[PDB]
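Undergrad: One structure is given below, represented as structure tokens, and several questions about it will come after.
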Amino acid sequence: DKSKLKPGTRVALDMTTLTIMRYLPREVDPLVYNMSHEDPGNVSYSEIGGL
Amino acid sequence: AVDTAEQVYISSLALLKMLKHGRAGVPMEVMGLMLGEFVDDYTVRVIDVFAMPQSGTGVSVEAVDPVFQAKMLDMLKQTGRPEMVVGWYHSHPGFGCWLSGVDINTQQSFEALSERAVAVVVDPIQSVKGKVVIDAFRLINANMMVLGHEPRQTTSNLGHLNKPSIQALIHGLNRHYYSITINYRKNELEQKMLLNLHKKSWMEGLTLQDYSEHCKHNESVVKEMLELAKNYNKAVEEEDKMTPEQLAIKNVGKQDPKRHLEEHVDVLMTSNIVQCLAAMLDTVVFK
Amino acid sequence: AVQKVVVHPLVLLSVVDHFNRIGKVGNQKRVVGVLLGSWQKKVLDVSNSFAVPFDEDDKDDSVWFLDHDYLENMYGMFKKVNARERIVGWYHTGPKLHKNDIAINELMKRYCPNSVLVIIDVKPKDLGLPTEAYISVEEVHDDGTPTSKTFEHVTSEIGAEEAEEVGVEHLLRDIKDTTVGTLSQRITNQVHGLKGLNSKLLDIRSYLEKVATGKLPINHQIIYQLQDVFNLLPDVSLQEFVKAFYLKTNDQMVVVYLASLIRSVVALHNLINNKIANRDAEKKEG
Amino acid sequence: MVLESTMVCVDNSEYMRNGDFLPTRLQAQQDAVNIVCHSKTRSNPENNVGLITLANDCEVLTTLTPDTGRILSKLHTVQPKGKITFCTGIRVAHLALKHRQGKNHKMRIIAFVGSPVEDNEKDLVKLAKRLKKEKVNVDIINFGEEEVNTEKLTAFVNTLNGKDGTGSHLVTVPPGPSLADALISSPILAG
Ligand SMILES: [Zn+2]
């Protein structure tokens with residue numbers, strides 16, 4: 001469709017004859033992905049005393 | 001033992017199907033089967049062409065489907081006329097006209113069943129107005145090159161009329177496959193039913209084109225000549241100076257009133273001549 | 001319903017090829033098929049067509065065969081190659097709109113609820129466009145017959161796609177209205193329009209031959225439109241209309257005057273630009 | 001066998017829905033086809049059957065098709081309503097043969113006559129006349145208890161087989177509730 005190809009939309013192009021063949025979602029930098037799925041600690045509010 | 005005068009006649013209609021299917025899947029390499037009839041030992045003529053469904057994602061002509069081939073062929077005969085598959089066509093979006101490694105491999109398959117099969121490549125982007133760009137091809141045996149004997153046994157100055165494209169020559173042109181001259185068949189019934197049909201109108205001749213809007217168009221165009229003409233004066237004095245080539249290059253960033261003024265005048269005279277003429281022609285046709 | 005129906009050149013060509021492919025009988029026989037295409041904003045487009053077998057004896061035109069299975073089976077083939085195109089109607093050479101082609105539409109009404117039949121002559125030697133597109137419209141009355149169902153015409157023109165146009169213009173390379181200006185307009189709309197007007201007017205005169213030798217007992221409605229046609233004729237050119245025309249015909253001449261004068265000046269300067277060129281070349285040479 | 005193609009001519013007249021045989025002459029018809037279509041196949045594994053209605057006008061349900069289940073299923077939803085137009089009925093089946101599959105199949109159509117038949121002779125001879133011209137033999141099966149012996153088709157069938165033209169034959173059934181069963185044996189046996 002030629003209505004979701006708005007300016008800024010990521011689009012994949014063919015290797016030989018450059019032609020848009022798919023509109024893609026905005027990419028997530030792998031650092032950002034690693035920046036979210038991080039915490040295994042599971043610290044509770046009952047451990048931070050005094051504050 | 002080919003005759004290097006093959007002259008594959010295509011059609012006045014098979015070409016349109018080839019182009020329409022080629023542009024439909026422009027990113028990919030659609031493939032289909034040509035239904036023509038061998039006539040001479042020197043010419044192979046196609047009559048009709050039917051497409052083959054795309055297997056899915058992937059710009060390739062990997063393989064043909066035997067069952068789909070039979071179903072359509074056994075269905076066209078009972079209404080049209082029987083025809084034998086003589087070749088296959090696949091559209092190259094913008095690469096050019098040649099055969100790749102896969103295309104060569106798929107081609108020998110057809111040649112195995114039929115000795116004189118013809119492969120055709122259609123380019124739907126490069127062809128623009130008067131050039132269609134097809135350049136049908138065929139494979140050369142590897143034994144001959146191993147033997148070293150040149151194939152096609154030229155016996156007439158007919159095949160060496162089109163200079164091979166350098167882009168095609170880079171690939172296996174005259175090394176792994178040889179081109180066959182392609183011409184077309186045209187008849188008046190076909191032409192008169194296409195040329196005298198494409199751009200025509202029924203009754204637009206006697207239409208006065210919004211008489212209120214016509215003079216408004218004139219006012220805007222003429223008003224543009226008032227400023228355009230004034231710049232013409234300033235464009236005549238500074239001209240006729242030394243190094244006219246310098247003058248010629250000096251008109252590459254700013255509008256030139258010499259051409260712009262003429263363009264407006266051309267449209268102005270035709271619009272009124274037609275618009276005025278229809279006024280008197282109508283005044284006699286209708287009462 | 002549908003304002004207009006655009007017919008691509010490929011469909012036009014696939015019908016000529018169909019007639020010659022089966023027309024070995026020679027004398028006369030229609031050819032009937034199934035049209036394909038898509039429409040947007042109430043404007044139909046026809047792109048592909050395939051031949052449906054169809055035979056019918058001439059006498060007692062209430063017998064005919066159209067292969068439903070062939071229509072269903074083949075459409076499965078065309079659907080796979082291109083999903084966008086779906087059945088939209090049917091075509092048949094049928095230069096004269098044979099009578100039985102009002103129950104055939106009911107046969108094809110199943111696949112396309114609102115189907116259109118486009119009559120495209122295979123042997124045209126004429127001036128008008130060879131593509132008439134009709135749509136089925138229903139209304140029962142007490143004049144014609146208890147069962148009333150008649151076709152209503154929809155304007156049809158020959159379209160063009162980017163890919164088809166490349167081939168179509170290459171295939172011709174025969175004649176083109178080059179330098180499309182005052183030359184094509186004086187011939188592509190003025191003279192041709194008059195030719196068409198005369199033929200349509202002559203067609204009306206031929207029907208009015210029923211005044212002496214009755215063919216149909218006065219269609220009534222046809223007369224009604226003809227009366228309205230005459231009243232709509234432009235009012236006699238003797239009143240204030242004449243002044244209005246002159247005040248506008250002459251107003252258009254001023255612009256022509258100004259355009260011509262500018263043309264002469266530019267033409268004169270062009271001659272000066274060139275004439276000084278060879279004089280300078282000749283003077284230096286000798 | 002012998003690469004035959006039969007184009008069944010079903011009947012759906014309004015007076016055809018009375019059950020003087022057993023489950024009305026609608027299931028009696030459906031069982032009748034089953035014992036022929038399957039019988040029509042199983043000899044050459046390339047045959048073809050097509051059912052056509054003899055209702056008011058051109059009403060054809062299934063075209064030339066090797067499948068067997070389509071006809072049976074398509075037979076349903078065939079509730080009878082209206083008169084029968086025999087004279088213009090065979091010709092419709094006639095065209096189906098002309099536009100057939102590979103023409104190497106022998107052409108024949110079995111008739112399924114029924115509720116009171118209408119004909120004016122003379123024309124029927126012409127109706128049989130043409131079909132007998134072009135390598136076509138029809139099989140009208142007397143049914144539905146028409147006039148005894150149906151002495152209007154009698155002048156019809158003989159025309160096709162005339163001049164020692166051995167082929168299909170007229171078959172009748174007792175007015176009583178004689179089950180269709182294998183009673184139809186004249187054409188299937190050798191014709
Ligand atoms: Zn390729």
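Sequential numbering from 1, following the chain as shown.
Cβ coordinates come from backbone N, Cα and C, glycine included.
Okay, so Swiss-Prot annotates it like this:
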type	residues	note
BINDING	B:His90, B:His92, B:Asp103	Zn(2+) binding site
DOMAIN	B:8-143	domain 'MPN'
MOD_RES	B:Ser127	phosphoserine
MOD_RES	B:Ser201	phosphoserine
MOD_RES	B:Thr243	phosphothreonine
MOTIF	B:90-103	motif 'JAMM motif'
Undergrad: Other than B:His90, B:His92, B:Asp103 themselves, what residues in this chain have Cβ atoms within 8 Å of the centroid of the Zn(2+) site's Cβ atoms?
TA: B:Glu29, B:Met31, B:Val61, B:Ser91, B:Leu99, B:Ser100, B:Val121
Undergrad: Around B:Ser127 (phosphoserine), how many other C-beta atoms are within 10 angstroms of its C-beta?
TA: 19
Undergrad: Of B:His90, B:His92, the binding-site residues given in the record, which has the fewest other CB atoms within 10 A of its CB?
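TA: Least crowded of the binding-site residues B:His90, B:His92, by Cβ count within 10 Å, is B:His92.
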Undergrad: Within the set B:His90, B:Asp103, B:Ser127, B:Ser201, B:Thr243, which recorded positions show a CB-to-ligand 1 distance under 6 A?
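TA: The qualifying recorded positions are B:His90, B:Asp103.
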Undergrad: Which ones in the same chain are close to B:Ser201 (phosphoserine), with CB under 8 Å and 6+ residues apart in sequence?
TA: none
Undergrad: Taking the Cα atoms as reference points, how far is B:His92 (Zn(2+) binding site) from B:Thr243 (phosphothreonine) in Å?
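TA: Distance (Cα to Cα, whole Å): 48 Å.
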Undergrad: Can you break down the domain 'MPN' (B:8-143) into helix, strand and coil residue counts using DSSP?
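TA: The composition, in the requested order, is 37 helix, 34 strand, 65 coil.
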Undergrad: Rounded to an integer, what is the Cα-Cα distance in Å between B:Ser127 (phosphoserine) and B:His90 (Zn(2+) binding site)?
TA: 15
Undergrad: What subset of the recorded positions B:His90, B:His92, B:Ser127, B:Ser201, B:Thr243 has a Cβ positioned less than 8 Å from a Cβ of chain C?
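TA: Near chain C: B:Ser127, B:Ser201.
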Undergrad: How long is the line from the C-alpha of B:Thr243 (phosphothreonine) to the C-alpha of B:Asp103 (Zn(2+) binding site), rounded to the nearest angstrom?
TA: 56
